[PDB]
Amino acid sequence: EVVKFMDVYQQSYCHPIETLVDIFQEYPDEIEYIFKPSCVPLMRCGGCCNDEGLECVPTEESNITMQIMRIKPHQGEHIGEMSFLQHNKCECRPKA
Amino acid sequence: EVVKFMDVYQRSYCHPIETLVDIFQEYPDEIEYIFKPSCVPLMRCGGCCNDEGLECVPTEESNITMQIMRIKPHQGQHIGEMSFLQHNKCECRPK
Amino acid sequence: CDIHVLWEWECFX
Amino acid sequence: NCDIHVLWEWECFXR
């Protein structure tokens, strides 16, 4: 039940993959709040290139809106919409 | 086409998710060799817990074997099996 | 329900 | 056609 080399290479090559990104990375300005969930499933550029000199970088970007629970202590809590950046296309470019 | 809060919470909560893991930090002792691909798709514990103060950690683990190209420069190329650890079940445990 | 376990709306109540 | 900046064909993994 070994995973075939070409399937391994195709699954690992620089492409957008579901990444769990912390919300504090995307909205650091929102300090007073605690979020639920604290992180979000976003399509983010991941994987390797044919050579070590190259890095997997985003080319096409877009936004997705998501219901997220805002909690400010001594205030209460509500669910608002929040827009998050996602990577649609990826490229292997030299390290600058 | 907004993503409903319950779907967001279910997709984000501490569970094993396909992660692209670098081979060089799983087999550091093998310095002389260059690998293709240089990283591998492994099920690894990821996501958040109900409170920051808990961390998402593996409980049940296994190995998956994968065909990987081993290259020692000026010597030649070979495809061998390589065994990698992967996470089957996850838990939210205190730090 | 428990903090260490995942999910039901009436926890988020 | 087997540029390092592009993904895949077996007849690259020939060399």
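Chains as they are written, first to last, in PDB author numbering: chain A, 13 to 108; chain B, 13 to 107; chain D, 5 to 17; chain C, 4 to 18.
Beta carbons are placed, not taken as given, at the ideal position from N, Cα and C, and that holds for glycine.
The Cβ atoms of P85 of chain B and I46 of chain B sit closer than 8 Å to each other.
Close to chain C, meaning a Cβ-Cβ distance shorter than 9 Å, are the following residues of the stretch 55-70 of chain A: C61, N62, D63, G65 and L66.
The residue among C:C5, C:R18, C:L10 and C:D6 with its C-alpha nearest the C-alpha of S24 of chain A is C:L10. Taking 7 Å as the Cβ-Cβ cut-off, the stretch 83-108 of chain A approaches chain C at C104, given in chain order.
Think of a sphere of 8 Å around the beta carbon of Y21 of chain A: the chain B residues whose beta carbon falls inside it are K48 and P49, in chain order. Here the alpha carbon of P106 of chain B sits roughly 9 Å from the alpha carbon of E64 of chain B. Per the DSSP secondary-structure output, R23 of chain B pairs with nothing in a beta bridge. DSSP places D34 of chain A in the uninterrupted beta strand (DSSP E) bounded by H27 to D34. Neighbours of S24 of chain A in chain B, taken as residues at a C-beta separation under 7 Å, are given in chain order as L32, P49, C51, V52 and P53.
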